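Notes for the one structure printed next.
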Amino acid sequence: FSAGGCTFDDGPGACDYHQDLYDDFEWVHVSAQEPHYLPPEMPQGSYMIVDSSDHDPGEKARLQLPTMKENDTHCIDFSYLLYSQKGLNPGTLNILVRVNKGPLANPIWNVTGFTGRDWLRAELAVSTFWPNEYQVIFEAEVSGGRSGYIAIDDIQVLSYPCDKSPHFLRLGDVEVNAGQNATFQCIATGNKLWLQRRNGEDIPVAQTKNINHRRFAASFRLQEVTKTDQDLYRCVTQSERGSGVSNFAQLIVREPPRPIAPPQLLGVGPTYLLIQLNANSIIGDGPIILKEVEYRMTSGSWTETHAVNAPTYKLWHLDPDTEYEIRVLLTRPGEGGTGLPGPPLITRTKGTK
Amino acid sequence: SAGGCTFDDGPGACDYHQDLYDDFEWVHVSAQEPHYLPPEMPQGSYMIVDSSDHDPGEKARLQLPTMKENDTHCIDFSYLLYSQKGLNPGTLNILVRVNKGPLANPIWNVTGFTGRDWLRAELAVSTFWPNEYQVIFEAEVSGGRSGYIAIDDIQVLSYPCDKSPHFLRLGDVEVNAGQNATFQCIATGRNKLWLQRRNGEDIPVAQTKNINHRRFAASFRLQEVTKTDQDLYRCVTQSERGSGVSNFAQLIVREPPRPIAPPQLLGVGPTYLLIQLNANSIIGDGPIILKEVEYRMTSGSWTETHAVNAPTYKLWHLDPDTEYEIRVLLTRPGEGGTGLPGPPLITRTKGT
Ligand SMILES: *[C@@H]1O[C@H](CO)[C@@H](O[C@@H]2O[C@H](CO)[C@@H](O[C@@H]3O[C@H](CO)[C@@H](O)[C@H](O[C@H]4O[C@H](CO)[C@@H](O)[C@H](O)[C@@H]4O)[C@@H]3O)[C@H](O)[C@H]2NC(C)=O)[C@H](O)[C@H]1NC(C)=O
Ligand SMILES: *[C@@H]1O[C@H](CO)[C@@H](O[C@@H]2O[C@H](CO)[C@@H](O[C@@H]3O[C@H](CO)[C@@H](O)[C@H](O)[C@@H]3O)[C@H](O)[C@H]2NC(C)=O)[C@H](O)[C@H]1NC(C)=O
Ligand SMILES: *[C@@H]1O[C@H](CO[C@@H]2O[C@@H](C)[C@@H](O)[C@@H](O)[C@@H]2O)[C@@H](O[C@@H]2O[C@H](CO)[C@@H](O)[C@H](O)[C@H]2NC(C)=O)[C@H](O)[C@H]1NC(C)=O
Ligand SMILES: *[C@@H]1O[C@H](CO)[C@@H](O[C@@H]2O[C@H](CO)[C@@H](O)[C@H](O)[C@H]2NC(C)=O)[C@H](O)[C@H]1NC(C)=O
Ligand SMILES: *[C@@H]1O[C@H](CO)[C@@H](O)[C@H](O)[C@H]1NC(C)=O
Ligand SMILES: *[C@@H]1O[C@H](CO)[C@@H](O)[C@H](O)[C@H]1NC(C)=O
Ligand code: NA
Ligand code: NA
């Protein structure tokens, strides 16, 4: 099987597991060939432990697994327990999946409260693959008050069967123009289900379908999206048997284009205007799929709009000594891709003299 | 401006020429020769066609010099069709040839006996520099082989030019194939009105409305346009007082893109497929604004479609020993710009 698991018989370092000294406190290695100081109900062997007695409420210890950069589907099994001699809640065991050494995001699997003196088994299935990479982090958040122990053991990276957790298919990237509604659709083989933003709030389910005996679907709707919503999003589902985690798909938000500069007059007669559009410099996003000129008489009740694919445009059979307003509209792909009218050129034709 | 003619010194002095592939020539009448024509015919110097000397349908063409002007202008001319016995001498056609290209159908014609007096008409052509046009006076002989067609007093005027309507600029139109297209013309003035195809049939009006006290609008619909319809179109309006003619606007028909070849399999496992899209080769028209991969289980209860902007794509957590169909969709701008799905790759995952 792939590397990255650990039994802790030789300690965490032999498994390339590391702890940052700037976290509140360290996970402690429990080992055979060491004096048994723990309560006798606690399991024998070698594993990792956190003791709430030595610490204040909310202090966190984090054990960081080596980076995983695999091509084939795989899963991670681990054992955990939360124990107190008098049944207290020792805290929460959080599991974080950090992608591409970036933001940690919120936990994708957690258990809180007393479980017992026996090991419980859980499975992680993360749809993160080469060339992308991820770290699993085991986070213990302590309740305080000498409330017992949080412990983990027997980490294994497996290629089969990997059937204790649901599996997400590939989540596609989404691109929309600003102000348009966006939707992420997740498909999973195989209780709680949500869409996780890389650095932001978690989005609740809008819709769910059971599309097959083996496969179901869930939809997440983001309304009137804004350039600040541009981030990576991934689906997460959790059960007591384990969690499934999808790939971080990207939301791209595009701004409909409009020109920076107004049109300019290149030439004019009594009945014609020759105009330079100046539409090459814009605010917003390309590609420009349609460039339109609208022109109006300043007294006019109506406006004439033409598609133009040239730097210059010419208008004719105009009235002499008449003042016109000319604007350019720019269009990019998709709904809402037509921008706001550009800044106007206001000029007039020559007179009858 | 120059380009008119009184015909006092003849057609050659005005740079008026006749087409060598014409059936016969216009004849110059001069005051300098004895008036051999019927005395009812007007005196002076002008151009004439005698239907008696010719067979039915023989055509004579007198071609004016090229006009490449800026600013509104118009062409006035005098005409008559005369017979001693009131017979129909034929048809006087006026053709406006743009950019030395195809002549297209007449934009003004009169047929039948008019009388012995000159009648006056005006042309307004919205073709301007850098584009150019020729006016052609065409005489088609009636086949009753009797009477005369005559023209006189050609004048190019910049003002007032108020006997014929003037079209504003007609914009080019671009649509994807199978979509409906519309040309809209705006004209000044108060009649017969149509959209003229340069090398093709003339299209009748779909709708007409009043947008202003001085200007009116007309709309022409072409349904389910096809690459055969890609041509230049111009608006023409005609009255007994004259004609107005717009610029030759272009209809562009685009083909929605689709790939030539199906996707190919680069790699496969029990639960994944790695696919090469092969979408760089297409039959439609660019630009490609959206490239999509769709994949489905052959049981086809559901279909998954992803936007992909890379030569290769990977699908994962598929079921082992199950068959998948994968297609690539390409999209270009505008309504109907989504092409038909590409050729499918049909393959299955391994079994382990
Ligand atoms: C066990 O795991 C679950 C799943 O991760 C976890 O639930 C999540 O908890 C976090 C908090 O740790 C939630 O995130 C917050 O949600 C509230 C609304 O309920 C927001 O007000 C918060 O906003 C903060 O962050 C913003 C970042 O942009 C700031 O702008 C803002 O000002 C706030 O600082 C924050 O988004 C998250 O929504 C839930 N998700 C779910 C699905 O429940 C749970 O907490 C874990 N349990 C333990 C004990 O750790
Ligand atoms: C006077 O001018 C008008 C306008 O140009 C002429 O009408 C046009 O005549 C042509 C034929 O010369 C028509 O084209 C034909 O259309 C039919 C279908 O209608 C098609 O079957 C033929 O193959 C050909 O394409 C054209 O449609 C028609 N346009 C209009 C608006 O009527 C008219 O013929 C001229 N009269 C004379 C005596 O020259
Ligand atoms: C994951 O795959 C990448 C890409 O390699 C391709 O997939 C492999 C399964 C195999 O079929 C290769 O022939 C393919 O080209 C691996 O990246 C390559 O790794 C090899 C060996 O270390 C190296 O020589 C190449 O330079 C790497 N890059 C490329 C573009 O081939 C990667 O190592 C694989 N990782 C795991 C954990 O399997
Ligand atoms: C119509 O206007 C254009 C723009 O001025 C004219 O084009 C120029 O004409 C002059 C001669 O008058 C040349 O020296 C220039 O080389 C032409 N090009 C440009 C870009 O200036 C055109 O001649 C005008 N024609 C009429 C009949 O008015
Ligand atoms: C988004 O969806 C809501 C649903 O009520 C709708 O009112 C709104 O107009 C939608 N906006 C866009 C841009 O589609
Ligand atoms: C085109 O117009 C016809 C009516 O002439 C209509 O039936 C058809 O649906 C239209 N097609 C499109 C694509 O608008
Ligand atoms: Na162990
Ligand atoms: Na004369």
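Identifiers in this document derive from the order of the structure tokens: chains are assigned A, B, ..., residues are numbered from 1 separately in each chain, and ligands are numbered from 1 in order of occurrence.
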Contacts of residue 55 (chain A) within 7 Å, only C-alpha atoms, excl. fewer than 3 positions in-chain, as a PyMOL selection string: chain A and resi 52+59+144
Sorted per-residue table, chain A near chain B, closest atoms and distance, 7 Å, only C-alpha atoms, as a Markdown table:
| residue | atom | partner | partner_atom | distance |
| --- | --- | --- | --- | --- |
| A:73 | CA | B:317 | CA | 6.9 |
| A:167 | CA | B:317 | CA | 6.6 |
| A:168 | CA | B:317 | CA | 6.9 |
| A:169 | CA | B:317 | CA | 5.5 |
| A:170 | CA | B:315 | CA | 6.3 |
| A:172 | CA | B:306 | CA | 5.3 |
| A:173 | CA | B:307 | CA | 6.8 |
| A:269 | CA | B:71 | CA | 6.5 |
| A:270 | CA | B:71 | CA | 6.7 |
| A:271 | CA | B:71 | CA | 5.2 |
| A:272 | CA | B:71 | CA | 6.0 |
| A:289 | CA | B:333 | CA | 6.4 |
| A:306 | CA | B:171 | CA | 5.6 |
| A:307 | CA | B:171 | CA | 6.8 |
| A:315 | CA | B:169 | CA | 6.4 |
| A:316 | CA | B:168 | CA | 6.2 |
| A:317 | CA | B:72 | CA | 5.6 |
| A:333 | CA | B:333 | CA | 6.9 |
Would you export the selected residues with N, CA and C atoms as a short mmCIF file (atom, residue, chain, number, x, y, z; two decimals), in the first residue's frame, please?
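Once everything was written out, this is part.cif:
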data_model
loop_
_atom_site.label_atom_id
_atom_site.label_comp_id
_atom_site.auth_asym_id
_atom_site.auth_seq_id
_atom_site.Cartn_x
_atom_site.Cartn_y
_atom_site.Cartn_z
N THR A 73 -7.29 6.38 -6.70
CA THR A 73 -8.21 6.50 -5.57
C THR A 73 -7.73 5.68 -4.38
N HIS A 167 -17.89 8.33 -1.56
CA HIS A 167 -16.88 8.85 -2.47
C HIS A 167 -17.50 9.86 -3.43
N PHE A 168 -16.90 11.05 -3.50
CA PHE A 168 -17.32 12.08 -4.44
C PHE A 168 -16.64 11.92 -5.79
N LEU A 169 -17.43 12.02 -6.86
CA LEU A 169 -16.91 12.17 -8.20
C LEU A 169 -16.23 13.54 -8.35
N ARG A 170 -15.59 13.74 -9.51
CA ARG A 170 -14.94 15.02 -9.77
C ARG A 170 -15.95 16.16 -9.78
N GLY A 172 -16.72 19.90 -10.92
CA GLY A 172 -16.27 20.82 -11.95
C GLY A 172 -16.19 22.27 -11.49
N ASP A 173 -15.23 22.99 -12.07
CA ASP A 173 -15.13 24.43 -11.89
C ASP A 173 -16.35 25.15 -12.46
N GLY A 269 -18.78 65.98 -41.81
CA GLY A 269 -19.33 66.83 -42.85
C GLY A 269 -20.70 67.32 -42.46
N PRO A 270 -21.40 67.99 -43.38
CA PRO A 270 -22.78 68.40 -43.08
C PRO A 270 -23.71 67.24 -42.79
N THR A 271 -23.46 66.06 -43.36
CA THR A 271 -24.37 64.94 -43.21
C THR A 271 -23.68 63.65 -42.77
N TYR A 272 -22.43 63.69 -42.32
CA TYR A 272 -21.76 62.47 -41.90
C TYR A 272 -20.85 62.72 -40.71
N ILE A 289 -16.96 39.39 -27.42
CA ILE A 289 -17.60 38.63 -28.49
C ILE A 289 -18.51 39.51 -29.35
N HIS A 306 -25.80 49.44 -33.70
CA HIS A 306 -25.16 48.65 -34.74
C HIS A 306 -24.00 47.83 -34.18
N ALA A 307 -23.87 46.60 -34.66
CA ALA A 307 -22.69 45.79 -34.36
C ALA A 307 -21.53 46.21 -35.25
N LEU A 315 -21.21 57.26 -39.93
CA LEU A 315 -22.65 57.44 -39.95
C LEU A 315 -23.00 58.46 -41.02
N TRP A 316 -24.09 58.25 -41.74
CA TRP A 316 -24.37 59.08 -42.91
C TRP A 316 -25.87 59.32 -43.06
N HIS A 317 -26.19 60.26 -43.96
CA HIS A 317 -27.52 60.87 -44.08
C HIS A 317 -27.99 61.44 -42.75
N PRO A 333 -18.95 36.51 -22.95
CA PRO A 333 -19.83 35.34 -22.97
C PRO A 333 -20.81 35.27 -21.80
#
Contacts of ligand 2, 7 Å or closer, only C-alpha atoms and all ligand atoms, given as a PyMOL selection string: chain B and resi 91+93+105-109+111+194+200-204
Site check for ligand 4: residues at most 6 Å away, only C-alpha atoms and all ligand atoms, as a ChimeraX atom specification: /B:68-70,129
Given 8 Å and only C-alpha atoms and all ligand atoms, residues near ligand 7 as a PyMOL selection string: chain A and resi 6-9+45-47+153-154
Distance in Å - CA of residue 327 (chain B) versus CA of residue 264 (chain B): 10.2 Å
Ligand 3 neighbours within 10 Å using only C-alpha atoms and all ligand atoms, as a PyMOL selection string: (chain A and resi 2-3+68-72+129-133) or (chain B and resi 266-267+274)
Distance filter 10 Å around ligand 1, atoms: only C-alpha atoms and all ligand atoms, out as number ranges by chain: A: 58, 91-96, 105-113, 139-143, 192-205, 236-238
Minimum-distance residue to residue 63 (chain B), chosen among B:84, B:6, B:134, B:303 (using only C-alpha atoms):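 Result for the nearest residue to residue 63 (chain B): B:134.
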Distance query residue 160 (chain A) at most 10 Å, only C-alpha atoms, self and fewer than 6 positions along chain excluded, as a count of residues only: 4
Atom-to-atom span, CA of residue 49 (chain B) and CA of residue 82 (chain B), Å: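 Those two atoms sit 10.4 Å apart.
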Contacts to ligand 5 at 9 Å cut-off (only C-alpha atoms and all ligand atoms) as a PyMOL selection string: chain A and resi 177-182+221-225+335-336
Between chain B and ligand 6, at 6 Å or less, what are the per-residue closest atom pairs and their distances in Å? Count only C-alpha atoms and all ligand atoms, order by chain and rising residue number, and return it as a tab-separated table.
residue	atom	partner	partner_atom_place_in_ligand_line	distance
B:179	CA	ligand 6	13 (C)	4.4
B:180	CA	ligand 6	1 (C)	5.0
B:223	CA	ligand 6	1 (C)	4.5
B:224	CA	ligand 6	1 (C)	5.8
Who sits within 8 Å of residue 238 (chain B), only C-alpha atoms, same chain under 4 positions skipped, as a PyMOL selection string: chain B and resi 107-108+191-193+242-244
